[PDB]
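Asker: So that we are looking at the same thing, I have put the structure below in structure tokens.
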Amino acid sequence: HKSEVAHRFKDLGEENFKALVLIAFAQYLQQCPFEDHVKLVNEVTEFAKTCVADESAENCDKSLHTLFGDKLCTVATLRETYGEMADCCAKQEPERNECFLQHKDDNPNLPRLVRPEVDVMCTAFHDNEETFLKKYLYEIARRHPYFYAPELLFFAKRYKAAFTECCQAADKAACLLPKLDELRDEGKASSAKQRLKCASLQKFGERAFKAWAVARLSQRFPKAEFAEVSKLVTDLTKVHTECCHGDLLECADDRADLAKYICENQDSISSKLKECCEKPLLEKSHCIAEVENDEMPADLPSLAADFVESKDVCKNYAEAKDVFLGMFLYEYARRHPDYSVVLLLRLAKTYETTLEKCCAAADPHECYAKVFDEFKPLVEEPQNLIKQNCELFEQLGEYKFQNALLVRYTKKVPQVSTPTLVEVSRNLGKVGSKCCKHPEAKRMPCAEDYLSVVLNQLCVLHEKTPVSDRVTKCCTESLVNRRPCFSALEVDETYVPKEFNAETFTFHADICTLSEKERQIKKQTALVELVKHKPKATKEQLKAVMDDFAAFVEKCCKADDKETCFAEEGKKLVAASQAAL
Ligand SMILES: O=C(O)Cc1ccccc1Nc1c(Cl)cccc1Cl
Ligand SMILES: O=C(O)Cc1ccccc1Nc1c(Cl)cccc1Cl
Ligand SMILES: O=C(O)Cc1ccccc1Nc1c(Cl)cccc1Cl
Ligand SMILES: CCCCCCCCCCCCCCCC(=O)O
Ligand SMILES: CCCCCCCCCCCCCCCC(=O)O
Ligand SMILES: CCCCCCCCCCCCCCC(=O)O
Ligand SMILES: CCCCCCCCCCCCCCC(=O)O
């Protein structure tokens, strides 16, 4: 590696190199126009080949940080556009890159990205694929300067496959839109998941993160010896720490190093890694992260012998408490691909609590003997919540399930924005539709994944405009207790019912024209409003009004002279409803 540029160019290949250079420059000069970036990319790229051709040619020996930095400092408009930032150029290297890093503007001031109409997209895509996709890679990149670049490239290649398949299709729109919606929802997720994990590291500390890592790596690689898992957790934590700090190159080298180590040791780690470990460097660690849980060994013994009945337990524990607890977690997790990572941490928390008590008691061995009994109810808490919620989803399909949740949650915290109540209830519903289609053994992990995202966008909102001490408690307390804290929220018996407002409950024929999606939001918004005005209404009372309203819609949307029927029938609907309630 006499020439870092050349080496990166060789391993990445021109196309990927060029796309990653774009994301990089977009993530730092977030205010320059696309066309600007393209000339930079081409300049770097053209230089790059100089080096591939001959690693000794001038400047090819410079480090990437130095070359990147040099390019930045040749943007003539740097001081005018970016201000302080151009001051970084007066600093010699290690300081320089660090300064630039610091001036990335997370959530800058850019207009919301509009999805054009299907026709427009397919025509732009068809007319000039590359600029069409890289423009939007730029648009997305510049609006998230901390989104892991290679994963942004991974999204863009998938968009590419969406437009390829869909712009040739019969019904273009019906093919594409669910795809774009799927992509958008995922990227939003990934973005918030990155920030979440990093804020968890800072707030709760390495140790906790390492615990989380154990659980996670154990479920995935059940055949791996603990020493091996431990080695991976150690290194993962270091990766996380670097990546959370934000430097693209160092995060990437770190992730690569770990992935190559994993791949050089597949036999000691997991049988399912063969295909990922065949992928080129760009894709390896990404692939490994997505890999399926390895199948777990057959003759795994109960944890009794090592963690309950073995004398020397306290001795073993006090010797190296964290390692020992690491061991309990390890053993436990790998036997349970079906538990959420968080349920497992609750278990280890618990195991910790008692060993702490019993090892200090008159008779440790007897004291800590019936301890796996405590695990019981913690385990069936998420299980039952799952069984019963999927049971309900199956009864009333997605929409009515949403409406059920809608009532439940509006009652619990009626101080929340109507539209926010509608957003989360619907997302939640969508989590039903996804996870419940799984067998039991795969439902809790699934719910864990999806709830962490929904719950989180939910706390992020609340942090900006808070409205409930109880939600603030849940969002700021333990992330392991985050979900159970919401599940513990109760009806606000304090809430003062909301003022009746007829406009809120006035309806017009335009709803007959809406799409089932818009129509539904219309109805669910009104339902939240209804529950805020009459919070003590009964599930039955509510069902009676809802049926009453629904019918009213099917009569006036199939009525000659729709609008005089909405007002007249609506006046009645409302009076009658006000009286039932
Ligand atoms: O929804 C957004 O604002 C961003 C967006 C646009 C299109 C598709 C997905 C996403 N999510 C997303 C986000 Cl929020 C940031 C970076 C990259 C992606 Cl893919
Ligand atoms: O979920 C995590 O944060 C990481 C995770 C889970 C399961 C398996 C591997 C990994 N992490 C991981 C990653 Cl994200 C990249 C390279 C190597 C490893 Cl071990
Ligand atoms: O141990 C804790 O209380 C924090 C906690 C709660 C729920 C889920 C995970 C974590 N731990 C955690 C930590 Cl401590 C750092 C980075 C990422 C994660 Cl997931
Ligand atoms: C002189 C050019 C300046 C900046 C060049 C950008 C270099 C991009 C490097 C990103 C490599 C991504 C490899 C992924 C490896 C991994 O994540 O495991
Ligand atoms: C702005 C903050 C939004 C808060 C919205 C309140 C909606 C509560 C969502 C709770 C989801 C909890 C998932 C477990 C299911 C349950 O026990 O109810
Ligand atoms: C899955 C049904 C959609 C509605 C959401 C209700 C979820 C209730 C059960 C959540 C269990 C998630 C596991 C996280 C944990 O261990 O606490
Ligand atoms: C205070 C009483 C005002 C009466 C107005 C009635 C509220 C109607 C909102 C109900 C929405 C339920 C939708 C059910 C469905 O989709 O069929």
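Naming scheme: A, B, ... for chains in displayed order of the structure tokens; residues 1 onward per chain; ligands 1 onward as shown.
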May I have the residues within 12 Å of residue 538 of chain A as a ChimeraX atom specification, using only C-alpha atoms and disregarding those fewer than 3 positions away in the same chain?

Answerer: /A:407-408,411,530-531,534-535,541-546,580-581

Asker: Export N, CA and C atoms of the chosen residues as a compact mmCIF listing (two decimals), in the first residue's frame?

Answerer:
# COMPACT_ATOMS: atom_id res chain seq x y z
N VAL A 407 -57.54 3.45 19.74
CA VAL A 407 -58.34 3.76 20.91
C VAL A 407 -57.51 3.52 22.17
N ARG A 408 -56.81 2.39 22.20
CA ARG A 408 -56.05 2.01 23.38
C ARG A 408 -55.00 3.05 23.73
N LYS A 411 -56.40 6.82 24.70
CA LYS A 411 -56.76 6.77 26.12
C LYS A 411 -55.55 6.83 27.07
N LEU A 530 -62.69 11.72 18.39
CA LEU A 530 -63.86 11.24 19.12
C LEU A 530 -63.46 10.73 20.50
N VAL A 531 -62.33 10.04 20.56
CA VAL A 531 -61.90 9.43 21.81
C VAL A 531 -61.35 10.49 22.77
N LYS A 534 -64.70 12.23 24.07
CA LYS A 534 -65.39 11.33 24.99
C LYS A 534 -64.52 10.17 25.41
N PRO A 535 -63.50 10.45 26.23
CA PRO A 535 -62.48 9.46 26.58
C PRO A 535 -63.03 8.28 27.38
N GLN A 541 -69.86 1.22 23.13
CA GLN A 541 -70.36 2.52 22.72
C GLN A 541 -69.63 3.03 21.47
N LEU A 542 -68.31 2.88 21.46
CA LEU A 542 -67.47 3.30 20.34
C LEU A 542 -67.77 2.49 19.07
N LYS A 543 -67.93 1.18 19.23
CA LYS A 543 -68.24 0.29 18.10
C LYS A 543 -69.59 0.65 17.51
N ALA A 544 -70.52 1.05 18.37
CA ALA A 544 -71.87 1.41 17.94
C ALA A 544 -71.88 2.70 17.11
N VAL A 545 -71.18 3.72 17.60
CA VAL A 545 -70.97 4.95 16.84
C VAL A 545 -70.21 4.70 15.53
N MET A 546 -69.09 3.99 15.59
CA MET A 546 -68.33 3.65 14.39
C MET A 546 -69.20 2.96 13.32
N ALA A 580 -75.88 9.22 22.61
CA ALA A 580 -75.47 7.89 23.02
C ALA A 580 -74.30 8.03 23.97
N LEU A 581 -73.51 9.07 23.77
CA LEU A 581 -72.31 9.27 24.56
C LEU A 581 -72.48 10.40 25.58

Asker: Could you pull the residues within 8 Å of residue 213 of chain A, counting only C-alpha atoms, minus those fewer than 2 positions along the same chain, as a ChimeraX atom specification?

Answerer: /A:209-211,215-217,233,236-237

Asker: Using only C-alpha atoms and all ligand atoms, find each protein or nucleic acid residue lying at most 6 Å from ligand 3; present the set as a ChimeraX atom specification.

Answerer: /A:197-198,200-201,204-205,208-209,212,342,478-480

Asker: Could you save those same residues with N, CA, C and O atoms as a PDB file, in the first residue's frame?

Answerer:
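Generated output (again-v4.pdb):
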ATOM      1  N   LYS A 197     -28.078   3.477  18.317  1.00  0.00           N
ATOM      2  CA  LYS A 197     -27.049   2.618  18.904  1.00  0.00           C
ATOM      3  C   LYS A 197     -25.881   3.444  19.418  1.00  0.00           C
ATOM      4  O   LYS A 197     -25.253   3.096  20.419  1.00  0.00           O
ATOM      5  N   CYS A 198     -25.570   4.523  18.709  1.00  0.00           N
ATOM      6  CA  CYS A 198     -24.468   5.387  19.105  1.00  0.00           C
ATOM      7  C   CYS A 198     -24.801   6.146  20.399  1.00  0.00           C
ATOM      8  O   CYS A 198     -23.972   6.228  21.295  1.00  0.00           O
ATOM      9  N   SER A 200     -26.809   5.149  22.618  1.00  0.00           N
ATOM     10  CA  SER A 200     -26.864   4.153  23.673  1.00  0.00           C
ATOM     11  C   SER A 200     -25.455   3.921  24.212  1.00  0.00           C
ATOM     12  O   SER A 200     -25.262   3.808  25.424  1.00  0.00           O
ATOM     13  N   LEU A 201     -24.470   3.871  23.316  1.00  0.00           N
ATOM     14  CA  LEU A 201     -23.076   3.654  23.719  1.00  0.00           C
ATOM     15  C   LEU A 201     -22.624   4.762  24.655  1.00  0.00           C
ATOM     16  O   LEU A 201     -22.061   4.500  25.720  1.00  0.00           O
ATOM     17  N   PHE A 204     -25.000   4.702  28.113  1.00  0.00           N
ATOM     18  CA  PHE A 204     -24.967   3.562  29.027  1.00  0.00           C
ATOM     19  C   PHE A 204     -23.587   2.928  29.187  1.00  0.00           C
ATOM     20  O   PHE A 204     -23.332   2.238  30.174  1.00  0.00           O
ATOM     21  N   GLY A 205     -22.703   3.151  28.224  1.00  0.00           N
ATOM     22  CA  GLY A 205     -21.306   2.788  28.395  1.00  0.00           C
ATOM     23  C   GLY A 205     -20.914   1.526  27.651  1.00  0.00           C
ATOM     24  O   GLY A 205     -21.774   0.739  27.262  1.00  0.00           O
ATOM     25  N   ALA A 208     -22.290  -2.108  28.974  1.00  0.00           N
ATOM     26  CA  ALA A 208     -23.629  -2.464  28.525  1.00  0.00           C
ATOM     27  C   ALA A 208     -23.623  -2.810  27.031  1.00  0.00           C
ATOM     28  O   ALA A 208     -24.168  -3.828  26.617  1.00  0.00           O
ATOM     29  N   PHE A 209     -22.992  -1.979  26.215  1.00  0.00           N
ATOM     30  CA  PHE A 209     -22.992  -2.285  24.799  1.00  0.00           C
ATOM     31  C   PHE A 209     -22.432  -3.699  24.582  1.00  0.00           C
ATOM     32  O   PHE A 209     -23.010  -4.491  23.844  1.00  0.00           O
ATOM     33  N   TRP A 212     -24.940  -6.331  25.155  1.00  0.00           N
ATOM     34  CA  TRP A 212     -25.871  -6.381  24.054  1.00  0.00           C
ATOM     35  C   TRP A 212     -25.208  -7.191  22.930  1.00  0.00           C
ATOM     36  O   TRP A 212     -25.813  -8.106  22.376  1.00  0.00           O
ATOM     37  N   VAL A 342     -33.277  -7.892  23.938  1.00  0.00           N
ATOM     38  CA  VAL A 342     -33.569  -7.254  25.216  1.00  0.00           C
ATOM     39  C   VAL A 342     -34.093  -8.197  26.314  1.00  0.00           C
ATOM     40  O   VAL A 342     -33.783  -8.017  27.485  1.00  0.00           O
ATOM     41  N   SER A 478     -33.958   3.181  30.835  1.00  0.00           N
ATOM     42  CA  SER A 478     -33.264   2.065  30.210  1.00  0.00           C
ATOM     43  C   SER A 478     -33.861   1.773  28.849  1.00  0.00           C
ATOM     44  O   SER A 478     -35.081   1.802  28.681  1.00  0.00           O
ATOM     45  N   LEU A 479     -33.004   1.506  27.873  1.00  0.00           N
ATOM     46  CA  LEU A 479     -33.480   1.070  26.563  1.00  0.00           C
ATOM     47  C   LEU A 479     -33.967  -0.393  26.634  1.00  0.00           C
ATOM     48  O   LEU A 479     -34.652  -0.890  25.741  1.00  0.00           O
ATOM     49  N   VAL A 480     -33.600  -1.093  27.700  1.00  0.00           N
ATOM     50  CA  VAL A 480     -33.999  -2.485  27.829  1.00  0.00           C
ATOM     51  C   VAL A 480     -35.425  -2.489  28.357  1.00  0.00           C
ATOM     52  O   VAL A 480     -36.246  -3.317  27.941  1.00  0.00           O
TER      53      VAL A 480
END

Asker: Between A:185, A:4, A:492, A:139, single out the one closest to residue 64 of chain A, counting only C-alpha atoms.

Answerer: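 Nearest to residue 64 of chain A: A:4.
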
Asker: Once you count only C-alpha atoms and all ligand atoms, which residues end up within 6 Å of ligand 4, and could you hand them over as a VMD selection string?

Answerer: chain A and resid 5 20 to 21 64 67 to 68 150 249 252 255 to 256 281 to 282 284 to 285

Asker: Write out, as a short mmCIF file (atom, residue, chain, number, x, y, z; two decimals), in the first residue's frame, the residues just selected, with C-alpha atoms.

Answerer:
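Final output, part_33.cif:
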data_model
loop_
_atom_site.label_atom_id
_atom_site.label_comp_id
_atom_site.auth_asym_id
_atom_site.auth_seq_id
_atom_site.Cartn_x
_atom_site.Cartn_y
_atom_site.Cartn_z
CA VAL A 5 -5.87 5.70 -3.52
CA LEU A 20 -18.43 6.30 -2.82
CA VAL A 21 -16.41 9.41 -3.65
CA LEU A 64 -6.53 9.49 1.61
CA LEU A 67 -6.07 13.97 -0.55
CA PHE A 68 -9.70 14.29 0.49
CA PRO A 150 -21.51 2.03 1.77
CA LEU A 249 -12.34 5.60 6.30
CA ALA A 252 -14.68 1.09 7.14
CA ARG A 255 -15.41 -3.11 9.77
CA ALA A 256 -13.41 -4.73 6.97
CA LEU A 281 -14.61 -6.32 0.29
CA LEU A 282 -17.35 -3.68 -0.20
CA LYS A 284 -18.51 -8.57 3.12
CA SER A 285 -19.29 -7.05 6.50
#

Asker: Extract, using only C-alpha atoms, all DNA, RNA and protein residues at most 6 Å from segment 468-476 of chain A, discarding same-chain residues fewer than 4 positions from it, and format them as a short mmCIF file (atom, residue, chain, number, x, y, z; two decimals) with N, CA and C atoms, in the first residue's frame.

Answerer:
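Now in around-v8.cif:
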data_model
loop_
_atom_site.label_atom_id
_atom_site.label_comp_id
_atom_site.auth_asym_id
_atom_site.auth_seq_id
_atom_site.Cartn_x
_atom_site.Cartn_y
_atom_site.Cartn_z
N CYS A 459 -40.02 8.62 20.40
CA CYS A 459 -39.32 9.37 21.45
C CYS A 459 -38.63 10.59 20.84
N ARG A 482 -37.36 0.15 27.80
CA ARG A 482 -38.14 1.03 26.96
C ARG A 482 -39.48 0.38 26.62
N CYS A 485 -41.95 -0.35 29.47
CA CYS A 485 -42.43 0.90 30.08
C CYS A 485 -43.66 1.46 29.36
#

Asker: What's around residue 374 of chain A at 12 Å? Count only C-alpha atoms, leave out sequence neighbours fewer than 3 positions away in its own chain, and write the answer as an NGL selection string.

Answerer: :A and (346-351 or 353-354 or 368-371 or 377-380)

Asker: Enumerate as number ranges by chain the residues within 7 Å of ligand 6, counting only C-alpha atoms and all ligand atoms.

Answerer: A: 340, 342-343, 382-383, 385-386, 389-390, 428-429, 431-432, 435-436, 444-445, 447-448, 451, 483-484

Asker: Quick one: residues within 9 Å of residue 101 of chain A, only C-alpha atoms, excluding same-chain residues fewer than 5 positions away - as a VMD selection string?

Answerer: chain A and resid 28 96 245 to 247

Asker: With only C-alpha atoms and all ligand atoms counted, collect every polymer residue having an atom within 12 Å of ligand 1; state the result as an NGL selection string.

Answerer: :A and (23 or 27 or 106-107 or 110-116 or 133 or 136-159 or 177-195 or 457)

Asker: Just want the residues within 8 Å of ligand 5, written as a PyMOL selection string, counting only C-alpha atoms and all ligand atoms.

Answerer: chain A and resi 385+405+408-410+412-413+416-417+420-421+424-425+428+451+455+458-463+465-467+471+483-489

Asker: Using 7 Å as the limit and counting only C-alpha atoms and all ligand atoms, can you tabulate each residue of chain A that touches ligand 7, with its shortest atom-to-atom distance in Å and the two atoms involved, as a tab-separated table?

Answerer:
residue	atom	partner	partner_atom_place_in_ligand_line	distance
A:500	CA	ligand 7	1 (C)	6.6
A:505	CA	ligand 7	5 (C)	5.1
A:520	CA	ligand 7	16 (O)	6.8
A:523	CA	ligand 7	11 (C)	4.5
A:524	CA	ligand 7	11 (C)	5.7
A:526	CA	ligand 7	9 (C)	4.7
A:527	CA	ligand 7	9 (C)	4.3
A:530	CA	ligand 7	7 (C)	5.7
A:533	CA	ligand 7	1 (C)	6.5
A:534	CA	ligand 7	1 (C)	6.9
A:545	CA	ligand 7	6 (C)	6.2
A:546	CA	ligand 7	12 (C)	4.4
A:547	CA	ligand 7	17 (O)	6.0
A:549	CA	ligand 7	8 (C)	5.3
A:550	CA	ligand 7	17 (O)	4.0
A:573	CA	ligand 7	4 (C)	6.3
A:574	CA	ligand 7	4 (C)	4.2
A:577	CA	ligand 7	2 (C)	4.8
A:578	CA	ligand 7	2 (C)	4.6

Asker: Show which residues sit within 12 Å of residue 278 of chain A, as a list in words. Count only C-alpha atoms, and ignore same-chain residues fewer than 4 positions away.

Answerer: residues 259, 260, 262, 263, 264, 266, 272, 273, 274, 282, 283, 284, 285, 287 and 288 of chain A

Asker: Kindly give the distance, in Å, that separates atom CA of residue 105 of chain A and atom CA of residue 203 of chain A, rounded to a single decimal.

Answerer: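 Atom-to-atom, atom CA of residue 105 of chain A to atom CA of residue 203 of chain A, that is 21.9 Å.
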
Asker: Show which residues sit within 10 Å of residue 48 of chain A, as an MDAnalysis selection string. Count only C-alpha atoms, and ignore same-chain residues fewer than 4 positions away.

Answerer: chainID A and resid 3:10 14 17 42:44 52:55 60

Asker: For a test of reading the model, state the distance in Å between atom CA of residue 402 of chain A and atom CA of residue 430 of chain A, rounded to one decimal.

Answerer: 8.4 Å
